[PDB]
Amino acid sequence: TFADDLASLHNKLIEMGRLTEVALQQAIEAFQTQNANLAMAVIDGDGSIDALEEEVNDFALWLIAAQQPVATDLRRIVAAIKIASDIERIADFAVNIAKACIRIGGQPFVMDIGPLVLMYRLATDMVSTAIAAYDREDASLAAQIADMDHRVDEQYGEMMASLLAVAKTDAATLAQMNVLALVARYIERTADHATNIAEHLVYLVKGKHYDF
């Protein structure tokens, strides 16, 4: 049943990702469309993934202590725990982009949220990619994720641009730009995690390190 166990542990994770995927999808839509009811769907339904992560640690720790995994299987059980956390953190930033969507209520953005939306989706994809890479166990999608990162960078600068330029300085509108800035950061944390997941996937496989 062993081989089967590692197959489910594998699906437990891929599962966390399927959900974090969704949560991410809505978190952004919720924010861009300014949908409070949606932002909440995101919050209320998150502790659920914290649940899966525990499951994934209990299960893995068990194997590591019961079925006595051999080197190779042991690395894939370990990376399984490191990746689960990254999926968890990402999911958490989602919950936060959702709280920020609320922070600002419904008084239409002080500027265009277009580049920010694309910066989010860019990162989101980095996740899908990284998780897909984990699923298939493809250690080469990584270097490709590297580029979506340069894109998240140039996308970011192009954020501070349309932001710290626009003059119309006022308490309410500033408290507004901040939330936008906060969101820009959670998108970069979400990206760095996809990258983190890519690192594991790559070390597990190539024993080498994630490229630029």
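Note that residue numbering follows the sequence shown and begins at 1.
In this entry, 152 to 160 has the higher mean Cα B-factor, the comparison being between 52 to 60 and 152 to 160. Looking at mean Cα B-factors across 8 to 16 and 194 to 202, the upper value is held by 8 to 16. Take 74, 119, 111, 97 and read off each C-alpha B-factor from the entry; 111 has the highest. Residue-level temperature factors show residue 42 in the highest third of its chain, judged at the C-alpha atom. In the deposited entry, the Cα temperature factor of residue 124 places it in the lowest third of its chain's modelled residues.
Per the PDB record, residue ranking by Cα B-factor puts residue 131 in the lowest third of the chain.
Sorting the modelled residues of the chain by their CA temperature factor places residue 140 in the middle third. Residue 147: CA B factor lies in the lowest third for its chain, per the PDB record.
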